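One chain comes next, on its own, written as structure tokens: the form deposited in one PDB entry.
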């Protein structure tokens, strides 16, 4: 990936105003409801069989906050995203066995939750830069898969 100064400014502005404690839990809980086969990785997180369940679970919340902060390494050096996630890619493949199509599913939930937070400020140009960033991170998370 190649980045324009305008894209860099948009990504920086999004992260500077992100309430991780709000977006992170919402994005992961939304993924667990919309793509519920992703629940099988967090079966020890406590009670989960329903959506009120999933939404309020503090384990899911703490983990969604961890995922969103896992984007920080990428946004702080977007020219090296491919090499910034090597260890995370290895962990999700070999230790956690997360199927790689799932990174894109969570990515789309992060975008949909940020869109609900930003409202009309989530312009097309904002969506384009943010989705280009998340796609770079999703590619890097799938990099160590065989």
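Positions refer to the first chain, counted from 1. Only residues modelled in both forms are compared. Superpose the two forms; the largest set of C-alphas matching within 1.5 Å is the rigid core.
Enquirer: Test of understanding: from the entry's C-alpha B-factors, which stretch has the higher mean, 64 to 72 or 79 to 87?
Expert: The entry gives the higher C-alpha B-factor average to 79 to 87.
Enquirer: Quick one: say whether 108 to 116 or 93 to 101 has the higher mean Cα B-factor in the deposited entry.
Expert: Mean CA B-factor is higher for 93 to 101.
Enquirer: Select one of 28, 51, 34, 58: the residue whose C-alpha shows the highest B-factor in the crystal structure entry.
Expert: 51 has the highest C-alpha B-factor of those listed.
Enquirer: C-alpha B factor of residue 143, ranked within the chain: lowest, middle or highest third?
Expert: For residue 143, whose C-alpha B-factor we compare with every modelled residue in the chain, the answer is the highest third.
We do not show the form deposited in another entry, though everything after this point is about it.
Enquirer: After aligning the rigid core, which of 91, 51, 34, 115 is the one whose Cα travels 2 Å or more between this form and the one not shown?
Expert: Per the superposition, the moving residue is 51.
Enquirer: Comparing against this form, do residue 54 and residue 92 have their CA atoms pulled together or pushed apart in the other form? The difference is 3 Å or more.
Expert: It is farther: the C-alpha separation of residue 54 and residue 92 rises by at least 3 Å in the other form.
Enquirer: If you overlay the rigid core, what runs of at least 3 residues show Cα shifts of 2 angstroms or more between this form and the one not shown?
Expert: After superposition, residues 44 to 46, 49 to 56 shift as runs.
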